[PDB]
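Next comes start32.pdb, a file with PDB, C-alpha atoms.
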```
MODEL        1
ATOM      1  CA  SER A   1    -130.720 -87.592 -11.169  1.00  0.00           C
ATOM      2  CA  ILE A   2    -129.617 -88.259  -7.591  1.00  0.00           C
ATOM      3  CA  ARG A   3    -129.030 -91.747  -6.186  1.00  0.00           C
ATOM      4  CA  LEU A   4    -127.431 -92.539  -2.836  1.00  0.00           C
ATOM      5  CA  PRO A   5    -125.212 -95.618  -2.531  1.00  0.00           C
ATOM      6  CA  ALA A   6    -126.848 -98.687  -1.040  1.00  0.00           C
ATOM      7  CA  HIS A   7    -125.571 -97.830   2.448  1.00  0.00           C
ATOM      8  CA  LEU A   8    -127.007 -94.276   2.531  1.00  0.00           C
ATOM      9  CA  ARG A   9    -130.551 -94.695   1.154  1.00  0.00           C
ATOM     10  CA  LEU A  10    -131.947 -94.889   4.685  1.00  0.00           C
ATOM     11  CA  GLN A  11    -133.799 -91.960   6.191  1.00  0.00           C
ATOM     12  CA  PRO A  12    -131.129 -89.440   7.294  1.00  0.00           C
ATOM     13  CA  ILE A  13    -132.761 -89.179  10.732  1.00  0.00           C
ATOM     14  CA  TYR A  14    -131.340 -92.704  11.141  1.00  0.00           C
ATOM     15  CA  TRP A  15    -127.763 -91.964  10.032  1.00  0.00           C
ATOM     16  CA  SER A  16    -124.853 -92.617  12.374  1.00  0.00           C
ATOM     17  CA  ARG A  17    -121.673 -90.557  12.431  1.00  0.00           C
ATOM     18  CA  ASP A  18    -120.073 -92.888   9.914  1.00  0.00           C
ATOM     19  CA  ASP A  19    -123.125 -92.688   7.653  1.00  0.00           C
ATOM     20  CA  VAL A  20    -122.948 -88.895   7.808  1.00  0.00           C
ATOM     21  CA  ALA A  21    -119.240 -89.262   7.067  1.00  0.00           C
ATOM     22  CA  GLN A  22    -119.923 -91.641   4.166  1.00  0.00           C
ATOM     23  CA  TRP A  23    -122.515 -89.174   2.854  1.00  0.00           C
ATOM     24  CA  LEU A  24    -120.056 -86.266   2.904  1.00  0.00           C
ATOM     25  CA  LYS A  25    -117.429 -88.435   1.189  1.00  0.00           C
ATOM     26  CA  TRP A  26    -120.052 -89.534  -1.340  1.00  0.00           C
ATOM     27  CA  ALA A  27    -121.262 -85.995  -2.024  1.00  0.00           C
ATOM     28  CA  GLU A  28    -117.700 -84.785  -2.598  1.00  0.00           C
ATOM     29  CA  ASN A  29    -117.156 -87.026  -5.644  1.00  0.00           C
ATOM     30  CA  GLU A  30    -120.618 -86.969  -7.227  1.00  0.00           C
ATOM     31  CA  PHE A  31    -121.137 -83.191  -7.395  1.00  0.00           C
ATOM     32  CA  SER A  32    -117.390 -82.515  -7.740  1.00  0.00           C
ATOM     33  CA  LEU A  33    -116.817 -80.658  -4.452  1.00  0.00           C
ATOM     34  CA  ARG A  34    -113.740 -79.532  -2.561  1.00  0.00           C
ATOM     35  CA  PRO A  35    -112.581 -82.002   0.112  1.00  0.00           C
ATOM     36  CA  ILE A  36    -113.532 -81.012   3.656  1.00  0.00           C
ATOM     37  CA  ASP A  37    -112.843 -82.497   7.068  1.00  0.00           C
ATOM     38  CA  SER A  38    -115.825 -84.555   8.227  1.00  0.00           C
ATOM     39  CA  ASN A  39    -115.134 -83.597  11.856  1.00  0.00           C
ATOM     40  CA  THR A  40    -116.755 -80.291  10.923  1.00  0.00           C
ATOM     41  CA  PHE A  41    -120.039 -82.227  10.793  1.00  0.00           C
ATOM     42  CA  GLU A  42    -119.186 -84.213  13.913  1.00  0.00           C
ATOM     43  CA  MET A  43    -122.655 -85.618  14.664  1.00  0.00           C
ATOM     44  CA  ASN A  44    -125.102 -88.362  13.634  1.00  0.00           C
ATOM     45  CA  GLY A  45    -127.824 -87.844  11.043  1.00  0.00           C
ATOM     46  CA  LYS A  46    -130.461 -87.039  13.658  1.00  0.00           C
ATOM     47  CA  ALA A  47    -128.425 -83.975  14.678  1.00  0.00           C
ATOM     48  CA  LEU A  48    -127.594 -83.019  11.081  1.00  0.00           C
ATOM     49  CA  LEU A  49    -131.289 -82.362  10.463  1.00  0.00           C
ATOM     50  CA  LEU A  50    -131.304 -79.722  13.208  1.00  0.00           C
ATOM     51  CA  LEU A  51    -128.608 -77.607  11.544  1.00  0.00           C
ATOM     52  CA  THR A  52    -129.531 -74.417   9.701  1.00  0.00           C
ATOM     53  CA  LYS A  53    -128.323 -73.542   6.224  1.00  0.00           C
ATOM     54  CA  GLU A  54    -126.094 -70.929   7.858  1.00  0.00           C
ATOM     55  CA  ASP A  55    -124.754 -73.658  10.119  1.00  0.00           C
ATOM     56  CA  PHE A  56    -124.020 -75.539   6.913  1.00  0.00           C
ATOM     57  CA  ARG A  57    -122.567 -72.388   5.351  1.00  0.00           C
ATOM     58  CA  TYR A  58    -120.209 -71.519   8.181  1.00  0.00           C
ATOM     59  CA  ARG A  59    -119.007 -75.120   8.575  1.00  0.00           C
ATOM     60  CA  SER A  60    -118.290 -75.292   4.835  1.00  0.00           C
ATOM     61  CA  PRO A  61    -117.708 -71.822   3.348  1.00  0.00           C
ATOM     62  CA  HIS A  62    -117.232 -73.578  -0.005  1.00  0.00           C
ATOM     63  CA  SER A  63    -119.921 -76.288   0.015  1.00  0.00           C
ATOM     64  CA  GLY A  64    -122.166 -75.810   3.069  1.00  0.00           C
ATOM     65  CA  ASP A  65    -125.223 -74.536   1.204  1.00  0.00           C
ATOM     66  CA  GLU A  66    -124.969 -77.192  -1.502  1.00  0.00           C
ATOM     67  CA  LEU A  67    -124.880 -79.895   1.173  1.00  0.00           C
ATOM     68  CA  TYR A  68    -127.832 -78.251   2.919  1.00  0.00           C
ATOM     69  CA  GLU A  69    -129.895 -78.226  -0.271  1.00  0.00           C
ATOM     70  CA  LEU A  70    -128.652 -81.691  -1.233  1.00  0.00           C
ATOM     71  CA  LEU A  71    -129.870 -82.973   2.151  1.00  0.00           C
ATOM     72  CA  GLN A  72    -133.209 -81.234   1.598  1.00  0.00           C
ATOM     73  CA  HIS A  73    -133.446 -83.043  -1.763  1.00  0.00           C
ATOM     74  CA  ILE A  74    -133.091 -86.577  -0.374  1.00  0.00           C
ATOM     75  CA  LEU A  75    -135.478 -85.680   2.448  1.00  0.00           C
ATOM     76  CA  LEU A  76    -138.243 -85.073  -0.089  1.00  0.00           C
ATOM     77  CA  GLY A  77    -137.487 -88.456  -1.645  1.00  0.00           C
ATOM     78  CA  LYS A  78    -138.561 -90.081   1.618  1.00  0.00           C
ATOM     79  CA  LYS A  79    -141.719 -87.968   1.863  1.00  0.00           C
ATOM     80  CA  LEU A  80    -142.459 -89.021  -1.726  1.00  0.00           C
ATOM     81  CA  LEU A  81    -141.960 -92.699  -0.861  1.00  0.00           C
ATOM     82  CA  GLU A  82    -144.317 -92.115   2.063  1.00  0.00           C
ATOM     83  CA  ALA A  83    -146.805 -90.125  -0.021  1.00  0.00           C
ATOM     84  CA  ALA A  84    -146.969 -92.970  -2.554  1.00  0.00           C
ATOM     85  CA  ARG A  85    -147.524 -95.593   0.172  1.00  0.00           C
ATOM     86  CA  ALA A  86    -150.286 -93.955   2.249  1.00  0.00           C
ATOM     87  CA  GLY A  87    -152.136 -92.959  -0.938  1.00  0.00           C
ATOM     88  CA  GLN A  88    -151.670 -89.222  -0.367  1.00  0.00           C
ATOM     89  CA  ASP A  89    -152.418 -88.063  -3.911  1.00  0.00           C
ATOM     90  CA  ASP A  90    -152.245 -84.358  -3.030  1.00  0.00           C
ATOM     91  CA  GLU A  91    -148.945 -84.827  -1.196  1.00  0.00           C
ATOM     92  CA  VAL A  92    -147.655 -86.671  -4.275  1.00  0.00           C
ATOM     93  CA  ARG A  93    -148.518 -83.595  -6.356  1.00  0.00           C
ATOM     94  CA  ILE A  94    -146.912 -80.959  -4.111  1.00  0.00           C
ATOM     95  CA  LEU A  95    -143.727 -83.021  -3.803  1.00  0.00           C
ATOM     96  CA  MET A  96    -143.450 -83.716  -7.541  1.00  0.00           C
ATOM     97  CA  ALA A  97    -144.190 -80.017  -8.117  1.00  0.00           C
ATOM     98  CA  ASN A  98    -141.393 -79.088  -5.694  1.00  0.00           C
ATOM     99  CA  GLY A  99    -138.938 -81.377  -7.526  1.00  0.00           C
ATOM    100  CA  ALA A 100    -139.251 -84.907  -6.140  1.00  0.00           C
ATOM    101  CA  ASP A 101    -137.147 -87.538  -7.873  1.00  0.00           C
ATOM    102  CA  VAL A 102    -139.782 -90.120  -8.854  1.00  0.00           C
ATOM    103  CA  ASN A 103    -137.273 -93.023  -8.713  1.00  0.00           C
ATOM    104  CA  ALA A 104    -136.065 -92.622  -5.131  1.00  0.00           C
ATOM    105  CA  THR A 105    -135.105 -95.678  -3.086  1.00  0.00           C
ATOM    106  CA  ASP A 106    -135.079 -96.550   0.616  1.00  0.00           C
ATOM    107  CA  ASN A 107    -133.079 -99.276   2.395  1.00  0.00           C
ATOM    108  CA  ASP A 108    -135.250-102.022   0.899  1.00  0.00           C
ATOM    109  CA  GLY A 109    -134.871-100.909  -2.711  1.00  0.00           C
ATOM    110  CA  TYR A 110    -138.495 -99.732  -2.761  1.00  0.00           C
ATOM    111  CA  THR A 111    -139.287 -96.973  -5.275  1.00  0.00           C
ATOM    112  CA  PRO A 112    -142.425 -94.796  -5.023  1.00  0.00           C
ATOM    113  CA  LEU A 113    -143.878 -96.921  -7.858  1.00  0.00           C
ATOM    114  CA  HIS A 114    -143.242-100.112  -5.854  1.00  0.00           C
ATOM    115  CA  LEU A 115    -145.222 -98.857  -2.857  1.00  0.00           C
ATOM    116  CA  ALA A 116    -148.086 -97.355  -4.862  1.00  0.00           C
ATOM    117  CA  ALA A 117    -148.462-100.590  -6.870  1.00  0.00           C
ATOM    118  CA  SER A 118    -148.242-102.752  -3.726  1.00  0.00           C
ATOM    119  CA  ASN A 119    -150.854-100.747  -1.786  1.00  0.00           C
ATOM    120  CA  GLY A 120    -153.462-100.109  -4.482  1.00  0.00           C
ATOM    121  CA  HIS A 121    -153.241 -96.392  -5.342  1.00  0.00           C
ATOM    122  CA  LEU A 122    -154.067 -96.286  -9.047  1.00  0.00           C
ATOM    123  CA  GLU A 123    -153.789 -92.507  -9.437  1.00  0.00           C
ATOM    124  CA  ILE A 124    -150.312 -92.360  -7.883  1.00  0.00           C
ATOM    125  CA  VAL A 125    -149.063 -95.217 -10.077  1.00  0.00           C
ATOM    126  CA  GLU A 126    -150.274 -93.383 -13.188  1.00  0.00           C
ATOM    127  CA  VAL A 127    -148.863 -89.968 -12.258  1.00  0.00           C
ATOM    128  CA  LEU A 128    -145.565 -91.681 -11.388  1.00  0.00           C
ATOM    129  CA  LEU A 129    -145.442 -93.533 -14.708  1.00  0.00           C
ATOM    130  CA  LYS A 130    -146.310 -90.294 -16.535  1.00  0.00           C
ATOM    131  CA  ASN A 131    -143.401 -88.344 -14.986  1.00  0.00           C
ATOM    132  CA  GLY A 132    -140.758 -91.029 -15.501  1.00  0.00           C
ATOM    133  CA  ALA A 133    -140.872 -93.647 -12.714  1.00  0.00           C
ATOM    134  CA  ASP A 134    -138.861 -96.692 -13.829  1.00  0.00           C
ATOM    135  CA  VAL A 135    -141.422 -99.433 -14.553  1.00  0.00           C
ATOM    136  CA  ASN A 136    -138.867-102.277 -14.248  1.00  0.00           C
ATOM    137  CA  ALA A 137    -136.833-101.140 -11.239  1.00  0.00           C
ATOM    138  CA  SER A 138    -136.131-103.992  -8.820  1.00  0.00           C
ATOM    139  CA  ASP A 139    -135.575-103.688  -5.073  1.00  0.00           C
ATOM    140  CA  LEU A 140    -132.803-105.499  -3.179  1.00  0.00           C
ATOM    141  CA  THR A 141    -134.811-108.747  -3.299  1.00  0.00           C
ATOM    142  CA  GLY A 142    -135.644-108.223  -6.992  1.00  0.00           C
ATOM    143  CA  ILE A 143    -139.375-107.492  -6.612  1.00  0.00           C
ATOM    144  CA  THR A 144    -140.758-105.257  -9.364  1.00  0.00           C
ATOM    145  CA  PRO A 145    -143.960-103.188  -9.139  1.00  0.00           C
ATOM    146  CA  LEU A 146    -145.625-105.873 -11.264  1.00  0.00           C
ATOM    147  CA  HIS A 147    -144.502-108.368  -8.611  1.00  0.00           C
ATOM    148  CA  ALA A 148    -146.050-106.273  -5.837  1.00  0.00           C
ATOM    149  CA  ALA A 149    -149.194-105.549  -7.866  1.00  0.00           C
ATOM    150  CA  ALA A 150    -149.677-109.224  -8.772  1.00  0.00           C
ATOM    151  CA  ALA A 151    -148.865-110.548  -5.290  1.00  0.00           C
ATOM    152  CA  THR A 152    -151.502-108.236  -3.759  1.00  0.00           C
ATOM    153  CA  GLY A 153    -154.261-108.721  -6.344  1.00  0.00           C
ATOM    154  CA  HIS A 154    -154.584-105.246  -7.903  1.00  0.00           C
ATOM    155  CA  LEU A 155    -155.930-106.064 -11.358  1.00  0.00           C
ATOM    156  CA  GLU A 156    -156.345-102.527 -12.718  1.00  0.00           C
ATOM    157  CA  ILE A 157    -152.788-101.876 -11.519  1.00  0.00           C
ATOM    158  CA  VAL A 158    -151.265-105.048 -13.022  1.00  0.00           C
ATOM    159  CA  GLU A 159    -152.814-103.989 -16.338  1.00  0.00           C
ATOM    160  CA  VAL A 160    -151.633-100.363 -16.243  1.00  0.00           C
ATOM    161  CA  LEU A 161    -148.105-101.620 -15.521  1.00  0.00           C
ATOM    162  CA  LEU A 162    -148.250-103.969 -18.528  1.00  0.00           C
ATOM    163  CA  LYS A 163    -149.314-100.940 -20.611  1.00  0.00           C
ATOM    164  CA  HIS A 164    -146.104 -98.918 -20.034  1.00  0.00           C
ATOM    165  CA  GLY A 165    -143.437-101.623 -20.329  1.00  0.00           C
ATOM    166  CA  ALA A 166    -143.586-103.895 -17.271  1.00  0.00           C
ATOM    167  CA  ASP A 167    -141.630-107.113 -17.866  1.00  0.00           C
ATOM    168  CA  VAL A 168    -143.978-110.089 -17.458  1.00  0.00           C
ATOM    169  CA  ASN A 169    -141.077-112.582 -17.153  1.00  0.00           C
ATOM    170  CA  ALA A 170    -138.964-110.805 -14.539  1.00  0.00           C
ATOM    171  CA  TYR A 171    -137.093-113.066 -12.117  1.00  0.00           C
ATOM    172  CA  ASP A 172    -136.475-112.143  -8.484  1.00  0.00           C
ATOM    173  CA  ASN A 173    -133.546-113.166  -6.279  1.00  0.00           C
ATOM    174  CA  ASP A 174    -135.494-116.327  -5.410  1.00  0.00           C
ATOM    175  CA  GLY A 175    -136.547-116.950  -9.022  1.00  0.00           C
ATOM    176  CA  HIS A 176    -140.199-115.907  -8.702  1.00  0.00           C
ATOM    177  CA  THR A 177    -142.047-114.347 -11.655  1.00  0.00           C
ATOM    178  CA  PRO A 178    -145.261-112.283 -11.488  1.00  0.00           C
ATOM    179  CA  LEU A 179    -147.149-115.461 -12.389  1.00  0.00           C
ATOM    180  CA  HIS A 180    -145.601-117.146  -9.331  1.00  0.00           C
ATOM    181  CA  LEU A 181    -146.777-114.601  -6.751  1.00  0.00           C
ATOM    182  CA  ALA A 182    -150.191-114.331  -8.425  1.00  0.00           C
ATOM    183  CA  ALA A 183    -150.437-118.095  -7.899  1.00  0.00           C
ATOM    184  CA  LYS A 184    -149.152-117.783  -4.322  1.00  0.00           C
ATOM    185  CA  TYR A 185    -152.015-115.522  -3.207  1.00  0.00           C
ATOM    186  CA  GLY A 186    -154.890-117.070  -5.178  1.00  0.00           C
ATOM    187  CA  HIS A 187    -155.541-114.368  -7.790  1.00  0.00           C
ATOM    188  CA  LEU A 188    -156.781-116.239 -10.857  1.00  0.00           C
ATOM    189  CA  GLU A 189    -157.752-113.205 -12.937  1.00  0.00           C
ATOM    190  CA  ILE A 190    -154.223-111.825 -12.618  1.00  0.00           C
ATOM    191  CA  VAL A 191    -152.892-115.216 -13.721  1.00  0.00           C
ATOM    192  CA  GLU A 192    -155.258-114.773 -16.681  1.00  0.00           C
ATOM    193  CA  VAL A 193    -154.006-111.319 -17.706  1.00  0.00           C
ATOM    194  CA  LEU A 194    -150.406-112.355 -17.007  1.00  0.00           C
ATOM    195  CA  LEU A 195    -150.859-115.391 -19.262  1.00  0.00           C
ATOM    196  CA  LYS A 196    -152.333-112.986 -21.853  1.00  0.00           C
ATOM    197  CA  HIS A 197    -149.318-110.643 -22.124  1.00  0.00           C
ATOM    198  CA  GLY A 198    -146.638-113.333 -22.358  1.00  0.00           C
ATOM    199  CA  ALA A 199    -146.048-114.906 -18.936  1.00  0.00           C
ATOM    200  CA  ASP A 200    -143.942-118.072 -19.223  1.00  0.00           C
ATOM    201  CA  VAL A 201    -146.184-120.499 -17.340  1.00  0.00           C
ATOM    202  CA  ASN A 202    -143.231-122.921 -17.131  1.00  0.00           C
ATOM    203  CA  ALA A 203    -140.871-120.480 -15.380  1.00  0.00           C
ATOM    204  CA  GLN A 204    -138.974-122.186 -12.548  1.00  0.00           C
ATOM    205  CA  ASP A 205    -137.712-120.543  -9.346  1.00  0.00           C
ATOM    206  CA  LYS A 206    -134.500-121.359  -7.444  1.00  0.00           C
ATOM    207  CA  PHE A 207    -136.044-124.426  -5.762  1.00  0.00           C
ATOM    208  CA  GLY A 208    -137.428-125.783  -9.050  1.00  0.00           C
ATOM    209  CA  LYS A 209    -141.097-124.968  -8.372  1.00  0.00           C
ATOM    210  CA  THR A 210    -143.466-123.741 -11.091  1.00  0.00           C
ATOM    211  CA  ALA A 211    -146.658-121.700 -10.898  1.00  0.00           C
ATOM    212  CA  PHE A 212    -148.526-125.007 -10.724  1.00  0.00           C
ATOM    213  CA  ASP A 213    -146.361-126.135  -7.783  1.00  0.00           C
ATOM    214  CA  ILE A 214    -146.724-122.871  -5.843  1.00  0.00           C
ATOM    215  CA  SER A 215    -150.474-123.274  -6.388  1.00  0.00           C
ATOM    216  CA  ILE A 216    -150.026-126.751  -4.883  1.00  0.00           C
ATOM    217  CA  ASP A 217    -148.037-125.801  -1.780  1.00  0.00           C
ATOM    218  CA  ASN A 218    -150.330-122.883  -0.913  1.00  0.00           C
ATOM    219  CA  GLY A 219    -153.680-124.652  -1.381  1.00  0.00           C
ATOM    220  CA  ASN A 220    -154.889-123.134  -4.680  1.00  0.00           C
ATOM    221  CA  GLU A 221    -156.001-126.286  -6.472  1.00  0.00           C
ATOM    222  CA  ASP A 222    -158.668-124.800  -8.727  1.00  0.00           C
ATOM    223  CA  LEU A 223    -155.787-122.624  -9.905  1.00  0.00           C
ATOM    224  CA  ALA A 224    -153.520-125.692  -9.879  1.00  0.00           C
ATOM    225  CA  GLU A 225    -156.088-127.430 -12.094  1.00  0.00           C
ATOM    226  CA  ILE A 226    -156.256-124.495 -14.519  1.00  0.00           C
ATOM    227  CA  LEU A 227    -152.462-124.471 -14.887  1.00  0.00           C
ATOM    228  CA  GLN A 228    -152.312-128.268 -15.255  1.00  0.00           C
TER     229      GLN A 228
ENDMDL
END
```

Have the structure of the file written as C-alpha cells, please.
Amino acid sequence: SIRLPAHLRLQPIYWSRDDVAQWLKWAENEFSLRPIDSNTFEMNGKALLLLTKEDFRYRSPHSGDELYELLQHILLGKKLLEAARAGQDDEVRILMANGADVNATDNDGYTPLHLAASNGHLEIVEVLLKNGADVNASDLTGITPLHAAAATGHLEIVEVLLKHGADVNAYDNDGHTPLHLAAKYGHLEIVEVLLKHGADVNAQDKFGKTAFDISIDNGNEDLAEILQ
C-alpha cells in the first residue's frame, strides 16, 4: 500500500515548493527510482496539478509517468476521504472500484473509516470494513473510529465496529477511552454496549478523571449515577 509521510498527507493542491520537493525525495526511495533534480518540478503543489502526463514524461524521461500516476493515486485518496465524509455511497463505490486505498490519511490522521463513523454513514463503514479499512487506526490525536462513533452517538455504528475488532479500551493522546467520550456527550445506550463488550469503567485519562468524573464535569448526572 501507499502511505505518505506525516508532512505530505495534506491535499497536494496545498503543497509548497518544499513539500513538492519532499514528495519527490520521498517517492525516489519508496518506489526505488533514479535520483532527479527537483528544480525540474520547480513549482508548488497547486501548479503540479496542472501538469500533463507528457509534462511529467518530458521533465523525467525515466520516472515522469510513474510520478504522474503516483500523484493521481494520492488524489483519489482525498476524494475517498471526502466521499466517506459527505456520505456519498456511490462515489465510495466508483473510487474503490478505480483502486482507492481504503486506509488513506489526511493531515489530521483521519482515515475514511474515521470520517464515515464520525458522521453516521453505516453503509460506507461496512463497505470500508469489508475491503480492509483498519478498524483500530488512530489519528494524530489518537482518536479511533470507535472514539468518533461513540462521541457522536451512532449506536448501530459503535456495534458494527465492535463486531470486526474495534478495541474497546483504546487510549487517546489525552487518555480518553470510548467510554469517556460516550459519557462526555450524554449517550447512555453507548455506555451500555461499551460496558457490554469489555470497557474498563475505571479507565483514567491524563488528568486522572474517570467516566464518572467526565459525566460530572459535563452535567450528565443520571449517567453519573449509573456509573456510581

Using all atoms listed in the file, collect all residues at a distance of at most 9 Å from (-131.8, -89.5, 11.7) as written in the file, then present them as a list in words.
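The residues that fall inside the cut-off are residues 10, 11, 12, 13, 14, 15, 16, 44, 45, 46, 47, 48 and 49 of chain A.
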
If you count only C-alpha atoms, the residue of A:160, A:139, A:91, A:86 closest to residue 103 in chain A turns out to be A:139

task = Tell me, in Å to one decimal, how far CA of residue 107 in chain A is from CA of residue 50 in chain A.
result =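 About the pair CA of residue 107 in chain A and CA of residue 50 in chain A: they are 22.4 Å apart.
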
Shell of 12 Å around residue 223 in chain A, only C-alpha atoms, local chain residues under 6 positions omitted, as a PyMOL selection string:
chain A and resi 179-180+182-192+211-217

Students should find that CA of residue 170 in chain A and CA of residue 221 in chain A are spaced 24.4 Å

**Message:** List the spatial neighbours of residue 7 in chain A as a ChimeraX atom specification - criterion: any atom at most 12 Å away, all atoms listed in the file, same-chain residues fewer than 6 positions off excluded.
**Reply:** /A:14-16,18-23,26,105-109,140

From CA of residue 53 in chain A to CA of residue 68 in chain A the spacing works out at 5.8 Å

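Every protein, DNA or RNA residue with an atom at most 7 Å from residue 152 in chain A, where only C-alpha atoms count and chain neighbours fewer than 3 positions away do not, is listed here: residues 118, 148 and 149 of chain A.
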
Exercise for the section: Name the residues in contact with residue 161 in chain A at a cut-off of 9 Å, using only C-alpha atoms, excluding same-chain residues fewer than 3 positions from it; report them as a ChimeraX atom specification. Expected result: /A:117,125-126,129,135,145-146,149,156-158,164-167

What residues come out when you apply the PyMOL selection byres ((chain A and resi 34) around 12) to this file, written as a ChimeraX atom specification?
-> /A:24-33,35-37,60-64,66-67

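What the PyMOL selection byres ((chain A and resi 124) around 8) grabs from this file is residues 84, 87, 89, 92, 113, 116, 121, 122, 123, 125, 126, 127 and 128 of chain A.
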
Give as a VMD selection string every residue, naming chains and numbers as the document does, that has an atom within 6 Å of (-146.8, -121.1, -15.0), counting only C-alpha atoms. chain A and resid 200 to 203 210 to 211

So that I have them on file, write out the residues from the current selection with C-alpha atoms, as a CSV table (one decimal), in the frame of the given file.
```
chain,number,residue,atom,x,y,z
A,200,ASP,CA,-143.9,-118.1,-19.2
A,201,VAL,CA,-146.2,-120.5,-17.3
A,202,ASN,CA,-143.2,-122.9,-17.1
A,203,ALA,CA,-140.9,-120.5,-15.4
A,210,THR,CA,-143.5,-123.7,-11.1
A,211,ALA,CA,-146.7,-121.7,-10.9
```

For residue 204 in chain A, which residue among A:222, A:176, A:134, A:227 is the nearest when counting all atoms listed in the file?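 Using all atoms listed in the file, the shortest distance to residue 204 in chain A belongs to A:176.
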
| task | Please write the residues picked by the PyMOL selection byres ((chain A and resi 40) around 10) on this file as a PyMOL selection string. | result | chain A and resi 36-39+41-43+56+58-60

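The residue that comes closest to residue 69 in chain A, out of A:151, A:51, A:226, A:111 and on the basis of all atoms listed in the file, is A:51.
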
### For residue 79 in chain A: contacts at 8 Å, all atoms listed in the file, fewer than 4 positions along chain excluded, given as a PyMOL selection string
chain A and resi 75+83+95

Between A:144, A:228, A:177, A:169, which one has atoms that come closest to residue 198 in chain A, using only C-alpha atoms?
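Once distances to residue 198 in chain A are computed over only C-alpha atoms, the minimum belongs to A:169.
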
Padded axis-aligned box of range 152-165 of chain A (6 Å per side), centre and edge lengths, Å, one decimal, as lines of an AutoDock Vina configuration file:
```
center_x = -149.9
center_y = -103.8
center_z = -12.2
size_x = 24.9
size_y = 21.8
size_z = 28.9
```
